[PDB]
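Before any comments, here is the structure.
A short reminder: the numbers here are calculations on the coordinates, not readings from a lab. Here the Cβ is made from the backbone with ideal geometry for all residues, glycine too, and neighbour counts use every protein chain on show.
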Protein chains: 2
Amino acid sequence: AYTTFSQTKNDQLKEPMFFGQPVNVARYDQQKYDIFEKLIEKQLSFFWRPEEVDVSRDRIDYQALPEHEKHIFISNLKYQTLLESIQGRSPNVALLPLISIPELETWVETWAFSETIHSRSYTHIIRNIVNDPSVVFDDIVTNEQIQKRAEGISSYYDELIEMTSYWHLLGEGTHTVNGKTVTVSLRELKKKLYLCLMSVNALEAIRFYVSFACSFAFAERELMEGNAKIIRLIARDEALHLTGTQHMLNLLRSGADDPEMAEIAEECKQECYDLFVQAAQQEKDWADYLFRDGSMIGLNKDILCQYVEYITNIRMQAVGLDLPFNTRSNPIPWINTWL
Amino acid sequence: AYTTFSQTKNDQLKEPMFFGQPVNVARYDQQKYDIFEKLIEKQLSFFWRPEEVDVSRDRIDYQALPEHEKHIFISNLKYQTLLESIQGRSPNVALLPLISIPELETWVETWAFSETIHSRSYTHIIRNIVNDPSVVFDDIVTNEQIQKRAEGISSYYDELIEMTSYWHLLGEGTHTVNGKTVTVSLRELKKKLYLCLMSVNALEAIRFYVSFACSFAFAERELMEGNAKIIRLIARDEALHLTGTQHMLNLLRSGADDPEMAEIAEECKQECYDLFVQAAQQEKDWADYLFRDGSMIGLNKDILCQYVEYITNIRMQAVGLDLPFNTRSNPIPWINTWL
Ligand SMILES: [Hg+2]
Ligand SMILES: [Hg+2]
Ligand SMILES: [Hg+2]
Ligand SMILES: [Hg+2]
Ligand SMILES: [Hg+2]
Ligand SMILES: [Hg+2]
Ligand SMILES: [Hg+2]
Ligand SMILES: [Hg+2]
Ligand SMILES: [Hg+2]
Ligand SMILES: [Hg+2]
Ligand SMILES: [Hg+2]
Ligand SMILES: [Hg+2]
Ligand SMILES: [Hg+2]
Ligand SMILES: [Hg+2]
Ligand SMILES: [Mn+2]
Ligand SMILES: [Mn+2]
Ligand SMILES: [Mn+2]
Ligand SMILES: [Mn+2]
């Protein structure tokens with residue numbers, strides 16, 4: 001029941017962010033929430049081309065790196081690449097079919113587009129520091145440690161996408177599909193979208209930043225300068241992305257948008273909390289693999305763990321959730337220089 | 001079912017463009033078809049911002065235009081805006097769930113992104129030539145003369161999207177849904193994709209170009225020059241988009257990418273021919289409405305009609321279809337100054 005151009009003349013200022021009438025005319029002279037137009041405008045102002053960044057000295061740097069530091073650097077990079085691959089396509093596939101206001105539809109497409117640029121920047125780095133990129137790319141798919149840390153991301157998107165197709169195809173109600181009873185609840189689909197967004201928020205605001213810290217640890221040593229420039233550019237974009245998800249989530253929570261979404265956010269709040277706690281643990285467990293061959297001065301399991309708790313508390317407070325970790329000062333204040 | 005990250009390590013160089021394993025890793029160091037990587041790079045190199053184009057004198061030009069000329073200009077503008085609205089979201093929603101090679105997936109997202117910029121440029125023009133943009137935007141949705149192709153265009157996309165969902169959810173076979181038999185055939189889905197791409201090819205290659213002729217007719221008289229500068233940039237982008245669809249179609253019909261599609265294409269060749277001619281006829285009929293109050297310098301029903309046949313012959317030959325019209329030289333050579 002999805003349509004690429006709804007024929008009903010509707011007031012786009014009165015539609016909910018999600019599950020309303022599919023967006024027909026793409027107009028940018030007005031909006032229900034100007035924050036999304038501001039984000040589009042900002043993201044477009046930050047346009048950059050990865051291949052332009054000089055990474056010619058990164059190969060020399062990387063090669064001269066101690067084997068365990070090469071492991072740390074490359075493992076971190078492979079994970080970042082995995083996340084960008086997923087983020088380049090997922091916002092579009094999972095959210096586009098559910099958006100009902102123009103400013104948000106375009107923001108998602110612009111956000112997704114910027115992620116593909118991030119993916120392109122990683123190919124630029126990889127092909128300029130290793131002999132055969134295929135070994136790195138193939139390992140991204142097979143490496144159990146990497147998939148372990150990312151476990152739950154693709155699965156959630158996939159479930160939302162499948163439920164969305166059922167909704168568009170069958171509509172609300174209880175159906176019989178190949179002799180099986182299939183329930184299609186809009187309320188349940190809204191919950192799935194809401195939690196998916198919370199998961200994306202944790203991905204954008206936590207997972208990416210933990211990886212930035214690892215990348216910048218080398219920048220502090222005056223090594224991998226090209227990669228550092230790229231990470232700074234990526235981080236600038238990620239800041240906009242997480243601002244977008246925090247606003248989507250807090251607007252839904254306020255009750256100023258879909259009233260039902262406000263109820264759902266409230267009733268499903270323990271689930272929001274649980275997903276952050278789980279994401280944090282996954283980022284922490286990754287330390288065992290990252291530092292399996294040894295750690296670096298100023299970068300080890302303890303420091304990584306401390307940073308995960310530090311940033312997780314900050315991000316959770318931003319969306320109104322209780323803090324799971326003990327409060328503490330930034331364990332790596334040097335990262336500010338790069339953000 | 002569809003997945004945002006296929007867990008199977010596959011050779012992306014051997015996958016078909018569509019219907020193969022969903023793309024997992026987004027890499028750009030290699031391609032099965034380098035044309036898509038080349039298009040991504042070219043499109044990125046062409047990035048432009050609408051707001052940076054001076055359209056300050058277009059308002060006075062518009063107000064000074066004879067009433068029928070305002071009709072010609074604004075009617076054409078509304079149709080272009082309609083097409084961009086559809087093109088900004090549709091390639092992503094319709095193609096992303098079916099692509100199996102990375103270069104094509106990212107090209108589609110880049111292509112779609114560029115279309116959203118075009119939509120933004122139309123808001124920029126509209127808000128600078130009319131007092132209340134809402135009048136223009138609302139008419140785009142309900143305008144009977146405009147909302148005719150939109151229906152046909154959106155139909156091909158909507159049908160492909162719906163059948164794609166059934167395929168991902170139920171797979172091939174004869175199913176039952178609420179007492180009704182539902183047949184899912186990959187062959188029919190492949191045909192729907194081919195028809196959809198052919199329709200998009202006609203949209204990018206003919207529909208947009210016919211509209212450019214009208215916009216530049218004003219440019220030739222040194223009027224609506226802000227609009228003209230924006231259309232020049234848009235046309236530069238559409239050239240890339242049509243190149244992309246032409247390669248997709250030719251690769252699918254040749255049999256080099258998927259024998260089944262090649263078999264299907266030959267089977268529905270007459271249908272695609274009629275589909276193309278129908279699009280040309282619709283563009284032609286638009287003249288009765290466009291020049292109902294009168295015509296202008298270098299632009300009239302007959303000239304437009306000639307240009308439609310001229311461009312259609314070229315585009316159809318480019319994708320292996322017979323020529324439906326009498327051959328002849330460009331009826332409006334002056335258009336080359338802008339294209
Ligand atoms: Hg998600
Ligand atoms: Hg999500
Ligand atoms: Hg780290
Ligand atoms: Hg929740
Ligand atoms: Hg919550
Ligand atoms: Hg800790
Ligand atoms: Hg299509
Ligand atoms: Hg189509
Ligand atoms: Hg025209
Ligand atoms: Hg024309
Ligand atoms: Hg056909
Ligand atoms: Hg054909
Ligand atoms: Hg004609
Ligand atoms: Hg003609
Ligand atoms: Mn990113
Ligand atoms: Mn992001
Ligand atoms: Mn366009
Ligand atoms: Mn186009």
Using the 10 angstrom Cβ neighbour count as an exposure proxy, how do A:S165, A:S185 rank, fewest first? A:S185, A:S165
Label B:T174 and A:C268 with points 7 Å out from Cα along Cα→Cβ: what is the distance between them in nm? 3.9 nm
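Could you tally the net charge around B:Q87, taking each other residue with its Cβ under 14 Å from the Cβ of B:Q87, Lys/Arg +1 and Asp/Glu -1? Before the final figure, lay out each step's value.
Working: positive: B:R89, B:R120, B:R149, B:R207; negative: A:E105, A:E109, B:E84, B:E109, B:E115, B:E204, B:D237, B:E238.
In short, -4.
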What's the local net charge at B:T327, with K and R +1, D and E -1, over the other residues with C-beta under 15 Å away? 0
Over all directions, how big on average is the projection of the convex hull of the alpha-carbon atoms in chain B, in square nanometres? 18.4 nm²
Count neighbours as other Cβ atoms within 10 Å of each site's Cβ, and list the GluC sites (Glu not before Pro) in region B:78-142 that are DSSP loop with at most 13 such neighbours. none
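Pairs B:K192/B:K269; A:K9/B:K284; B:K9/B:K191: which are spaced more than 20 Å apart, C-alpha to C-alpha? Don't jump to the answer; show the numbers that get you there.
Working: B:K192/B:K269 13 Å; A:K9/B:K284 26 Å; B:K9/B:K191 29 Å.
Checking Cα-Cα distances, A:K9/B:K284; B:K9/B:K191 exceed 20 Å.
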Among B:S154, B:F113, B:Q278 the positive-end extreme of the charge dipole of chain B (Cβ point charges): B:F113
Provide B:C305, A:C196 in ascending order of the number of other Cβ atoms located within 10 Å of each residue's Cβ, fewest first. B:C305, A:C196
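Kirkwood Rh over alpha-carbon pairs of the protein assembly as shown, then Stokes-Einstein at 25 °C and 0.890 mPa s: what D in µm² s⁻¹, rounded to an integer? Walk me through the numbers before you get to the answer.
Details: Rh = 26.4 Å.
Rounded, D is 93 µm²/s.
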With r as the distance between the Cβ atoms of A:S254 and A:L186 and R0 = 22 Å, compute the FRET efficiency 1/(1 + (r/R0)^6) and round to 0.05. 0.65
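Of A:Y289, B:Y28, how do they rank once you tally other Cβ atoms within 10 Å and put the fewest first? Write down the numbers at each step before the final one.
Numbers: A:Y289 17, B:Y28 24.
Going from least to most buried by this count: A:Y289, B:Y28.
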For A:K180, give me every one of the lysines with a C-alpha distance below 21 angstrom, ignoring sequence neighbours fewer than eight places off in its own chain. B:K180
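Work out the length of the dipole vector of the protein assembly as shown about its Cα centre, built from +1 on the beta-carbon of each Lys and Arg and -1 on the beta-carbon of each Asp and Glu, and round it to the nearest 20 debye. Before the final figure, lay out the partial values.
Values: 66 positive and 98 negative charges, 65 e Å.
Roughly 320 debye for the protein assembly as shown.
Quantify how strongly other chains surround peptide B:86-98 by giving the mean number of their Cβ atoms within 10 Å of each of its Cβ atoms. Could the numbers behind the result be given before it?
Working: counts 5, 2, 7, 15, 3, 2, 10, 7, 1, 0, 6, 6, 0.
Taking all residues of B:86-98 together, the mean is 5.
With an 8 Å Cα cut-off and a minimum separation of 6 or more residues, compute the relative contact order for chain B in percent. Before the final figure, lay out each step's value.
Details: 400 pairs, mean separation 68.4, N = 339.
So the answer I get is 20 percent.
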For n ≥ 4 DSSP H runs only, could you compute -39500 (n - 2.57) per run for chain A, divide by its residues and tell me the 222 nm figure to the nearest 500? -20500 deg cm²/dmol
Once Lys and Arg are counted +1 and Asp and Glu -1 for all other residues with Cβ under 15 Å from that of A:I126, the total becomes -2
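Looking at chain A, which longest stretch skips every one of the trypsin sites (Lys or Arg not before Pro) that is in a DSSP loop with at most 15 other Cβ atoms within 10 Å, leaving the sites themselves out? Let's see the in-between values first.
On the way: sites that count: A:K9, A:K14, A:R57, A:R221, A:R292, A:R328.
Free of exposed loop sites, the longest segment is A:58-220.
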